[PDB]
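Just one chain follows, in the form deposited in one PDB entry, and it is written as structure tokens.
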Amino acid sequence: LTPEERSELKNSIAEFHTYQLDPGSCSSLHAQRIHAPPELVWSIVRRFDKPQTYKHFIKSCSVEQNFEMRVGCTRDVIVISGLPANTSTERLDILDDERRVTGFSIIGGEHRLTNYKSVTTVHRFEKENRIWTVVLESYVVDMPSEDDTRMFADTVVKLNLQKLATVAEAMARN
């Protein structure tokens, strides 16, 4: 992020990305610049039922019949093979279409990320005739080894933000 971007995001970081952090947990914040309109980036990332369309490592994701996307709905993720996780059950914790804030929590499954909770926010930037997006994503998770959990989780979040960027930029081509 540029100094101006960090300066303009300080409010959103305090509002949506601040945690009460204890030694038993680890947590981080990551950012991704996306050269696409924020309303487009948001339309992609808000689909709690289809994380495989903007994330890596998902073999399948199922939701219940007559699914309704609202707080408390869940998704059943099966991870691709060869990762430190097999399955994950996840709950939509907040969906704020007006402020472009969403977040989820892991509530079950076979994996090593107990009490994982994540928040994603999408931000509009405008300067001269330029319009672009920054996405912020933060998480908190139990810390079982200590540096490995953070290293693994950070790399996944970064790779997934990058995939979101490629999808939105593909859609935004004139």
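Here the rigid core means the biggest group of C-alpha atoms that line up within 1.5 Å when the two forms are laid on top of each other. We number the residues from 1 along the sequence you see.
Just so you know, the form deposited in another entry exists too; it's not on screen, but the next bit is about it.
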property: Conformational change between the shown form and the other one, one of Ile131, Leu113, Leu40, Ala31, C-alpha moving 2 Å or more after core fit; result: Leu113
property: Core-aligned C-alpha movement of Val79 between the shown form and the other one reaching 2 Å; result: no
property: Outcome for the Cα pair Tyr139, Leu113 in the other entry, compared with this form (closer or farther; change of 3 Å or more); result: farther
property: Cα-Cα shift for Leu113 and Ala31, closer or farther in the other entry, minimum 3 Å; result: farther
